[PDB]
Amino acid sequence: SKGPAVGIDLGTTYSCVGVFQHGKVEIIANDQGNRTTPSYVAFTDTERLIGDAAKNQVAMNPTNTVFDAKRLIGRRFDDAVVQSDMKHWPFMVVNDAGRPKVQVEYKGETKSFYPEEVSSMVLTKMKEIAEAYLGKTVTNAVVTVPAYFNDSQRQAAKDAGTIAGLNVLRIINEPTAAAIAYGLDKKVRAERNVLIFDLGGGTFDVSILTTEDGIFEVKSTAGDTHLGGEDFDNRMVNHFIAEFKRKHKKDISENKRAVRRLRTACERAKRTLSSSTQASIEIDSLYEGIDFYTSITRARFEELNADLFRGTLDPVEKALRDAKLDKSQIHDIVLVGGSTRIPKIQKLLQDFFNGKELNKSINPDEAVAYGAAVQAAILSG
Ligand SMILES: Nc1ncnc2c1ncn2[C@@H]1O[C@H](COP(=O)(O)OP(=O)(O)O)[C@@H](O)[C@H]1O
Numbered sequence: 002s003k004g005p006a007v008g009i010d011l012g013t014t015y016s017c018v019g020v021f022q023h024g025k026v027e028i029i030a031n032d033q034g035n036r037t038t039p040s041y042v043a044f045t046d047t048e049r050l051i052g053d054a055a056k057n058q059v060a061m062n063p064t065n066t067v068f069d070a071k072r073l074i075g076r077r078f079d080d081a082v083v084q085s086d087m088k089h090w091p092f093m094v095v096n097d098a099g100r101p102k103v104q105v106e107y108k109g110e111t112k113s114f115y116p117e118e119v120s121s122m123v124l125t126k127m128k129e130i131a132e133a134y135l136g137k138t139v140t141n142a143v144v145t146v147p148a149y150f151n152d153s154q155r156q157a158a159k160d161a162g163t164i165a166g167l168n169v170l171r172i173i174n175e176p177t178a179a180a181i182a183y184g185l186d187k188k189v190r191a192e193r194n195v196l197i198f199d200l201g202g203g204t205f206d207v208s209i210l211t212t213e214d215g216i217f218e219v220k221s222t223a224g225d226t227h228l229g230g231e232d233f234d235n236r237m238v239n240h241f242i243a244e245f246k247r248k249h250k251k252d253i254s255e256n257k258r259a260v261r262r263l264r265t266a267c268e269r270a271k272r273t274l275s276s277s278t279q280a281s282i283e284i285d286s287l288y289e290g291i292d293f294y295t296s297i298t299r300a301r302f303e304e305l306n307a308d309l310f311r312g313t314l315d316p317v318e319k320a321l322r323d324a325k326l327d328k329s330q331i332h333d334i335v336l337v338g339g340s341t342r343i344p345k346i347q348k349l350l351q352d353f354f355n356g357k358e359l360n361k362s363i364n365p366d367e368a369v370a371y372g373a374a375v376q377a378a379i380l381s382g
């Protein structure tokens with residue numbers, strides 16, 4: 002026997018899967034052709050679309066396109082963290098005897114779903130993707146939950162795998178995976194103090210990790226659970242909403258769809274802003290048939306979020322305090338999280354540790370997956 006054993010990075014927002022076949026951990030590409038998937042589950046009149054095609058339909062299907070599934074998993078309905086977010090989603094999360102589900106309308110009927118199977122649904126597609134490129138049925142996986150996950154959330158995110166059909170070997174911490182990606186545990190026989198800076202698409206996770214000879218210990222976590230990628234897009238989306246409104250003197254705001262088209266355009270823009278210094282927002286017949294055609298500077302950009310971009314440096318210290326370690330004591334700075342591609346966030350942190358070089362060679366949206374797959378081979382039999 003042998004069996005392809007994949008490591009999956011289930012995200013909050015996006016999830017990436019990857020395997021390591023003889024020598025390299027290759028990161029299973031996507032049907033549309035991406036190294037990701039946005040963690041989106043949609044129910045319409047005909048079908049239930051997971052992955053990308055779901056995310057694309059969220060304007061034209063608001064009330065019945067479920068997402069941010071990972072924020073519910075683990076908690077009971079009467080929890081605080083659910084009560085706050087309950088006021089921020091186009092769908093409905095209800096209670097069923099203390100436990101929550103998402104109520105939506107699937108193929109004309111009205112059904113309800115338990116977080117672990119909304120999150121399972123993603124795994125299922127994530128499952129298929131592994132099968133697509135490898136050419137065989139994939140049963141073994143290793144999943145990533147953040148450091149702040151308690152048994153409740155683990156036993157659920159473990160359960161998303163079981164229900165997906167997956168036989169989950171072990172279930173590990175994101176920050177840890179990252180450190181393993183870089184082989185920071187493959188060490189040189191001293192003690193190790195490592196730092197993880199995930200800056201997701203919705204979550205800012207910071208961790209300071211001690212490797213005491215081959216083994217990790219999870220030291221101190223920290224961050225803003227509502228600061229992230231989308232927020233950055235919101236500042237852009239909020240800006241152009243203004244520039245256009247003032248260019249024509251016609252406000253778009255309360256137009257659910259006009260809003261989204263710009264949205265996805267600001268996203269596209271922001272990403273290239275990490276290499277190029279100029280973005281180009283090009284949306285045809287946006288609103289009242291008017292076209293929108295403009296640009297945004299990388300300069301202009303960094304100043305839009307500047308208040309937020311800058312502020313992240315704060316938890317770095319804050320963990321480092323609880324961690325009972327000085328800036329210097331860290332032997333590794335690992336840039337995990339997609340958003341860490343923004344060069345403004347990069348230098349801010351690189352300056353913060355005073356010139357130190359940053360561990361950023363692997364694509365900050367994959368990284369947590371890379372190890373997930375690696376830690377798998379070891380566990381693979
Ligand atoms: N080249 C890029 N430049 C800037 N931001 C990016 C780039 N690529 C992706 N992002 C952003 O990073 C976020 C994705 O991080 P994500 O993959 O969700 O982390 P996790 O998987 O830990 O949730 C998205 O909001 C996306 O817009």
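In the authors' numbering, the protein residues as written are 2 to 382.
In this text, a Cβ means the ideal position worked out from N, Cα and C, and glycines have one as well.
| Check | Outcome |
| --- | --- |
| Length-filtered (4 minimum) alpha helix (DSSP H) runs lying within the region 129-156 | none |
| Straight-line gap, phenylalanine 92 to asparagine 355 (C-alpha atoms, nearest Å) | 45 Å |
| Any non-hydrogen atom of ligand 1 closer than 7 Å to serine 275 Cβ | yes |
| Status (buried if at least 16 other CB within 10 Å, exposed otherwise) for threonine 66 | buried |
| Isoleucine 197 Cβ short of 7 Å to ligand 1 heavy atom set | no |
| Given 8 Å, three or more beta-carbon pairs between the region 325-335 and the region 183-195 | yes |
| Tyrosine 115 beta carbon less than 8 Å from that of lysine 102 | yes |
| Residues near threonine 295 in its chain [Cβ-Cβ closer than 6 Å; skip 5 each side] | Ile282 |
| Closer than 7 Å: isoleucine 343 CB and nearest ligand 1 heavy atom | yes |
| Residue range of the beta strand (DSSP E) that includes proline 101 | 100-107 |
| Secondary structure of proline 91, DSSP reduced to three states | coil |
| Heavy atom of ligand 1 within 7 Å of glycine 356 beta-carbon | no |
| Any non-hydrogen atom of ligand 1 closer than 7 Å to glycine 224 Cβ | no |
| Rounded Cβ spacing between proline 365 and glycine 339 (contact assumed at less than 8 Å) | 6 Å |
| Residue range of the beta strand (DSSP E) that includes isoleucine 242 | Per DSSP, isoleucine 242 belongs to no beta strand (DSSP E); it is in the alpha helix (DSSP H), 230-245. |
| Contact check, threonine 212 vs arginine 236, beta carbons under 8 Å | no |
| Cβ-Cβ distance between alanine 374 and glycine 8 below 8 Å | yes |
| Proximity test, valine 369 beta-carbon vs ligand 1 heavy atom, cut-off 7 Å | yes |
| Buried or exposed (CB count within 10 angstroms, at least 16 for buried), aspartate 234 | buried |
| Sub-8 Å separation of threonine 265 and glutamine 279 beta-carbons | no |
| Reference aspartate 206, options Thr13, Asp214, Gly4, closest by Cα | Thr13 |
| 6 Å Cβ shell around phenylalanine 302 - same chain, five flanking residues per side excluded | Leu274 |
| Beta-carbon proximity list for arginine 311, same chain, < 7 Å, skipping 5 on both sides | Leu349 |
| Between the CA atoms of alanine 142 and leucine 135 - distance to the nearest angstrom | 14 Å |
| Per DSSP, cross-strand counterpart(s) of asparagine 168 | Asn141 |
| For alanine 30 and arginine 322, the rounded distance between their alpha carbons | 40 Å |
| Residue from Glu289, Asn168, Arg272 with nearest C-alpha to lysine 246 | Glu289 |
| Own chain, CB closer than 6 Å to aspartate 160, minus 5 neighbours either side, in chain order | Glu117 |
| Cα-Cα separation between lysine 112 and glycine 34, rounded to whole angstroms | 32 Å |
| Closest by C-alpha distance to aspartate 32, when choosing among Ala54, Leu326, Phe21 | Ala54 |
| Per DSSP, the bridge partner or partners of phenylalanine 302 | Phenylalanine 302 is not bridged to any residue. |
| Three-state class that DSSP yields for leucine 210 in the structure shown | strand |
| Per-residue DSSP class, three states only, for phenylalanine 353 | helix |
| Own chain residues within Cβ distance below 8 Å of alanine 270, not counting five before or after | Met237, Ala280, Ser281, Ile282, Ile297 |
| Closer than 7 Å: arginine 272 CB and nearest ligand 1 heavy atom | yes |
| Closer than 7 Å: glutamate 268 CB and nearest ligand 1 heavy atom | yes |
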